[PDB]
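What follows is a short report on a single structure.
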Amino acid sequence: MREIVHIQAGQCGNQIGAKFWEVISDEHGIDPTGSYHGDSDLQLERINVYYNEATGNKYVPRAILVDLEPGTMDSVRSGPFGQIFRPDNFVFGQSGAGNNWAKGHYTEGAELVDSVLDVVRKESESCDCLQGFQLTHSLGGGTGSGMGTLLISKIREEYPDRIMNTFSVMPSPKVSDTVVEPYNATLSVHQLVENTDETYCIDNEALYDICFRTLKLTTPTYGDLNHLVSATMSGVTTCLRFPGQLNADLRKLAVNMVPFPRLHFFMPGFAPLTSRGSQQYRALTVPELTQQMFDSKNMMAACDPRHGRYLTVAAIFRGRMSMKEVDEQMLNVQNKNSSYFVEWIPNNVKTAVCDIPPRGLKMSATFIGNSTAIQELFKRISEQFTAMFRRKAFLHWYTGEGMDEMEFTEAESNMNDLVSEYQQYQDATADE
Amino acid sequence: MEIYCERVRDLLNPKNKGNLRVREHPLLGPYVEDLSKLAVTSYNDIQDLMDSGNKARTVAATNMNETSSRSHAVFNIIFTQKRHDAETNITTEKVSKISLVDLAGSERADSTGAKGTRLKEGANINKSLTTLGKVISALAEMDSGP
Amino acid sequence: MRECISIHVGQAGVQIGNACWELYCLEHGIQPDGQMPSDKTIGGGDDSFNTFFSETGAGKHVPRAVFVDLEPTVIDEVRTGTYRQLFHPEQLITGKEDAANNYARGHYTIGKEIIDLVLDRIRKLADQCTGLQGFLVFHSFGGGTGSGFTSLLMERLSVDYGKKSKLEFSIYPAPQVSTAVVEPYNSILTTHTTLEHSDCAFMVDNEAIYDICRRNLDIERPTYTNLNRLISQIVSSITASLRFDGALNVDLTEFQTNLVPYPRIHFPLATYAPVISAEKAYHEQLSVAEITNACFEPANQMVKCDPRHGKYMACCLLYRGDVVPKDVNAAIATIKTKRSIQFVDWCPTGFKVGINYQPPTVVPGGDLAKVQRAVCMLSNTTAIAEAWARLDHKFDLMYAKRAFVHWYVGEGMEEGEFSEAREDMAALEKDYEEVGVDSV
Ligand SMILES: CC(=O)O[C@H]1C(=O)[C@@]2(C)[C@H]([C@H](OC(=O)c3ccccc3)[C@]3(O)C[C@H](OC(=O)[C@H](O)[C@@H](NC(=O)c4ccccc4)c4ccccc4)C(C)=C1C3(C)C)[C@]1(OC(C)=O)CO[C@@H]1C[C@@H]2O
Ligand SMILES: Nc1nc2c(ncn2[C@@H]2O[C@H](COP(=O)(O)OP(=O)(O)OP(=O)(O)O)[C@@H](O)[C@H]2O)c(=O)[nH]1
Ligand SMILES: Nc1nc2c(ncn2[C@@H]2O[C@H](COP(=O)(O)OP(=O)(O)O)[C@@H](O)[C@H]2O)c(=O)[nH]1
Ligand SMILES: [Mg+2]
């Protein structure tokens, strides 16, 4: 059986994980107390992917919560689903990172990492056949970047064979909330490019754009953004939990997506989106989902896919639909926009279908694209990084915690090399 | 130094369970941090160091060779010339680096009878060798073209 | 006694097996639970025929089949489905992840640790048999399991049993539509086992059957169930001669004697002529000449290749129902008269004919109409190569840059093993371009 271990670090990761757990639970039918109150019999068939049994016919999620500030832990416990988690998995400290990558990675995180790893070993030992991990965090912050990177490094050292994923919120181009975002983002990407096996790039600006233009909300809050991200996270790994006509394990997605080891950054997407009060106008079907799925406005990465080429793409459908319609639509999309697909991969669309759609959605589709245009994002950070490293704007805060300029230089060089690789394929011609 | 499975291990340094980090000096390029760099003054010293290094290397048997190598090996010599004509010349004029590299042999898996840990070592060796072939081909094409 | 063993590997094989065994259970009057009430009403006969079913003491019939996969989902659909009481509980799941579209995982690392159980189950089934005739393996190119584990299993079977026939039905990649970006690697690697160990391999493509469903059957949104039902009809027509009485009967050895002029030329195509909806079933006589002329139509081929670009080297016709030898002789003469169908000079006869009395059955909730006469053609042509050539092109376009190669190398494969296979494939294609050159 395929068991997944879930880790959460920092304010952003913890809130996303809380909303995500509030979702999966409904999909499988779990009350906030833990007892099962459902209708179908397929919901318990594969519940062990995420949940562990407990003696009173109870289910406890296989999650780990990490921070260095008790405030977020208190907020999560004092909530609708606070009592579902195991208390022993609430690992935390005091005197948080303070938006400093050095404090998170070297000074403060180095004390709590041992306890976090002990909990991780205990959780992974009980699994029958572990599949992989997944971790949610924010790169622009403190605690999240440092402790997530340290945990990723340690876990990769200990479990070299299994899959590692990451759902990371990157710094946005214009909507900014921390003055030293570029240092943390660069130092985090320098390690993410090496250690993890997949990465999905989320941007707050894209989510706000979707909420205001597509969903037509008036006062979006972080709850809705967490909703979107949770929807995507649940849709990615559906085929481990429900039967279908074409299954797609995480490893299969990894093999079909990345052509080379260093290019494992993806743009996610979800369809459909009717904004309500206009559901009665749109006819839901397969071509409509495909039309909405490949559109640029839908992307959550805040980067235009029209400025590059799709290295490859994967689509996971959920519903009861015909295979010919799916295959015809993917072929049509490939043939119509022939300029935006790389030419030395003869077919670069992976397809999967599952029979059980979401609670109230006769159909749904998830999208994982791998395109060169993502380089734009990295370039932005790199530019800003230079603008603050040429004069050493806020460097002393890092150097007081045990770092040196060499670390910054090598991180900048590594990200620039990543940008150069992605740019090597972006231009047309190339061919044979 | 040796490369076993994407980890650098020192040989002259005695039993040290930890690995050695790889860092890039901005001007001098890649290198490895805390490599036990040892001086020499007699042929006996370097001979004994070479014997100890070969002894401590990781080696395993297989169908293709009774004593095969499970790790790439790199031997490096740093040599300094000091011209000390006190009237005119200065010392430490020339510094030179000599590198001697022994690579692991491509594993065919089924023909070698690999199994368990040996198979994973063979897989890592093959990955490294394929990467080496790709760079070599790319660099050759690049220099040939321009 | 005439006996066969069926092996289904991978998701495609298991689903095709579901459709097949539904058809077989329907044909002989066996309920899903294995009981056969008609014996109490009939009072005699061996209608619980030994070609596919073994009879226990209490009257229950258990099929001669082995299901294999490296993930639990697809078989767990069967363990709790309608036919949960038909099969033996030994279904051979791997309690681990799947090959993940990786040939190396399915042949070297994860493909083992379950091969021994499969061989033991097959050994028990073959030992229980008395007069085993052959194996029918169902798999699919382009899948990790269906390529790698099929290769390993076929190699072991050839080493172990040796002289028994080994047919093979497979889903070949389509020219344009596809569901994986690493299909060509898997197919080209799988070339070796189907070339060397298999005795006769039949090819099927999804695009061809989609077109047939669209035009003949008038289904605008078909799914895999229709595909599997059609393939099951073809396989049943092939195997029917072992079961029911007929005027002219053909064993598996006859197929392997008349369709393979040389050892390395054993890749024929298969077609089924009367595919027609119930609404269009009227307005048409569906006589022998019509159905046998429908076989040679290029639009009814089950693989997207044009037979007109090559030459026909051999043909087997299998008739079911109310058919008379006078009509089939006249049909053969008419087909020989036409010029569009070209026969190689060194095969003056060309045709083999078999006739069976049992007409085809109709599944409830199906799409094919009830018909009185049915035909299955197995033709050995030199048009196949064309399809292979297309696939080869795709492989080259990805192998010039070594894309996706590190995934294969990290699981025990060596790089050079790619190139060898490609060259091997080139050799087969050239021998299908010389066997047809006109003699001088
Ligand atoms: C009444 C109705 O059916 O209307 C739809 C609806 O209008 C739309 C707009 C829904 C609606 O979603 C949003 O408005 C939204 C707001 C913020 C962030 C993200 C979404 C919907 O709220 C979301 C809701 O989705 C679900 O309930 C899914 O089953 C989904 N739900 C969750 O994510 C979830 C959240 C908390 C707790 C439990 C589940 C799901 C998916 C996989 C597995 C389990 C659940 C649906 C269909 C609708 C409404 C209600 C309007 C959409 O969302 C989903 C996930 O279906 C937005 O894009 C889709 C397209 C739908 O047409
Ligand atoms: N005709 C037909 N083809 C199918 C069916 N299901 C899957 N396929 C084909 O199978 C190919 C995918 O490979 P699979 O056969 O699923 O490989 P697998 O059995 O899943 O093995 P793994 O990939 O390791 O899980 C696709 O190209 C499909 O065209 C089916 O029900 N009918
Ligand atoms: N999507 C999303 N982003 C958030 C949320 N809360 C904070 N953020 C983002 O997280 C960034 C700050 O990271 P932070 O959580 O403080 O990192 P930490 O201090 O190490 O835990 C800001 O740029 C915010 O935009 C949330 O609930 N959802
Ligand atoms: Mg499968």
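Chains: A, B, ... in order of the structure tokens. Residues: from 1 per chain. Ligands: from 1, in order shown.
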
Expected answer as a JSON list (two decimals) with C-alpha atoms, in the first residue's frame: strand (DSSP E or B) residues in region 134-370 of chain A:
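result03.json was written with the following content:
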[["chain", "number", "residue", "atom", "x", "y", "z"],
["A", 134, "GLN", "CA", 5.19, 16.20, 0.83],
["A", 135, "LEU", "CA", 5.88, 19.52, 2.52],
["A", 136, "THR", "CA", 4.13, 22.90, 2.44],
["A", 137, "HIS", "CA", 6.00, 26.12, 3.18],
["A", 138, "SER", "CA", 6.73, 29.65, 1.97],
["A", 163, "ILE", "CA", 9.70, 10.55, -3.55],
["A", 164, "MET", "CA", 9.81, 14.08, -2.15],
["A", 165, "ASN", "CA", 7.33, 16.79, -3.19],
["A", 166, "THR", "CA", 6.87, 20.42, -2.26],
["A", 167, "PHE", "CA", 4.08, 22.99, -2.59],
["A", 168, "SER", "CA", 5.98, 26.24, -2.12],
["A", 169, "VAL", "CA", 4.64, 29.80, -2.28],
["A", 199, "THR", "CA", 8.10, 21.21, -6.88],
["A", 200, "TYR", "CA", 4.87, 23.09, -7.57],
["A", 201, "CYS", "CA", 5.22, 26.87, -7.73],
["A", 202, "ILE", "CA", 2.37, 28.90, -6.20],
["A", 244, "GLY", "CA", -10.03, 4.34, -12.44],
["A", 245, "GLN", "CA", -9.40, 3.42, -16.05],
["A", 246, "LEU", "CA", -5.84, 4.83, -16.20],
["A", 265, "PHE", "CA", 9.49, 22.94, -11.26],
["A", 266, "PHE", "CA", 5.84, 22.86, -12.30],
["A", 267, "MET", "CA", 2.90, 25.21, -12.74],
["A", 268, "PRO", "CA", -0.38, 23.75, -11.38],
["A", 269, "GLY", "CA", -3.94, 24.38, -12.45],
["A", 270, "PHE", "CA", -7.48, 23.25, -11.65],
["A", 271, "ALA", "CA", -10.77, 23.29, -13.59],
["A", 310, "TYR", "CA", 5.84, 23.56, -22.77],
["A", 311, "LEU", "CA", 8.56, 21.02, -22.06],
["A", 312, "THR", "CA", 5.69, 18.67, -21.20],
["A", 313, "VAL", "CA", 2.33, 18.54, -19.43],
["A", 314, "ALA", "CA", 0.09, 16.14, -17.50],
["A", 315, "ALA", "CA", -3.68, 16.13, -17.09],
["A", 316, "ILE", "CA", -5.58, 14.15, -14.45],
["A", 317, "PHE", "CA", -9.32, 13.89, -15.07],
["A", 318, "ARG", "CA", -11.87, 12.91, -12.44],
["A", 319, "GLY", "CA", -15.30, 11.82, -13.58],
["A", 341, "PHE", "CA", 5.24, 22.86, -27.66],
["A", 349, "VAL", "CA", 0.83, 15.12, -22.86],
["A", 350, "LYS", "CA", 0.39, 12.56, -20.08],
["A", 351, "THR", "CA", -3.21, 11.53, -19.38],
["A", 352, "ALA", "CA", -4.89, 9.90, -16.40],
["A", 353, "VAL", "CA", -8.56, 9.38, -15.52],
["A", 354, "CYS", "CA", -10.31, 8.48, -12.25],
["A", 363, "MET", "CA", -16.38, 16.44, -13.55],
["A", 364, "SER", "CA", -13.04, 17.99, -12.70],
["A", 365, "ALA", "CA", -9.50, 18.21, -14.03],
["A", 366, "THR", "CA", -6.05, 18.93, -12.63],
["A", 367, "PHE", "CA", -3.14, 20.28, -14.66],
["A", 368, "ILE", "CA", 0.61, 20.02, -14.07],
["A", 369, "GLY", "CA", 2.66, 21.88, -16.69],
["A", 370, "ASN", "CA", 6.43, 22.01, -17.14]]

Could you list, as an mmCIF file with C-alpha atoms, in the first residue's frame, every residue within 7 Å of residue 316 (chain C), counting only C-alpha atoms and ignoring same-chain residues fewer than 3 positions away?
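So the final result, stored in around_35.cif, reads:
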data_model
loop_
_atom_site.group_PDB
_atom_site.id
_atom_site.type_symbol
_atom_site.label_atom_id
_atom_site.label_comp_id
_atom_site.auth_asym_id
_atom_site.auth_seq_id
_atom_site.Cartn_x
_atom_site.Cartn_y
_atom_site.Cartn_z
ATOM 1 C CA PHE C 351 -5.742 -19.050 -48.367
ATOM 2 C CA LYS C 352 -6.658 -21.376 -45.503
ATOM 3 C CA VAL C 353 -10.306 -21.859 -44.515
ATOM 4 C CA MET C 377 -9.469 -12.958 -40.901
ATOM 5 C CA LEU C 378 -5.827 -13.348 -39.897
ATOM 6 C CA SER C 379 -3.684 -11.951 -42.707
#

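Near ligand 4, at a distance of at most 9 Å and with only C-alpha atoms and all ligand atoms counted, sit the residues residues 246, 247, 248 and 249 of chain A; 10, 11, 12, 69, 70, 71, 73, 74, 98, 99, 100, 101, 143, 144, 145 and 146 of chain C.
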
Counting only C-alpha atoms, which residues of chain B come no farther than 8 Å from chain A, as a PyMOL selection string? chain B and resi 23-26

Excluding residue 210 (chain C) and any residue of its chain fewer than 5 positions from it, enumerate the residues within 10 Å of it, using only C-alpha atoms, and give them as a PyMOL selection string. (chain A and resi 323-324) or (chain C and resi 205+215+219-224+226-227+302)

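For the pair CA of residue 408 (chain A) and CA of residue 191 (chain A), the interatomic distance is 12.1 Å.
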
For chain A, which residue out of C:33, C:47, C:429, C:211 is the nearest one, using only C-alpha atoms?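 Going through C:33, C:47, C:429, C:211 one by one, the smallest distance to chain A is for C:211.
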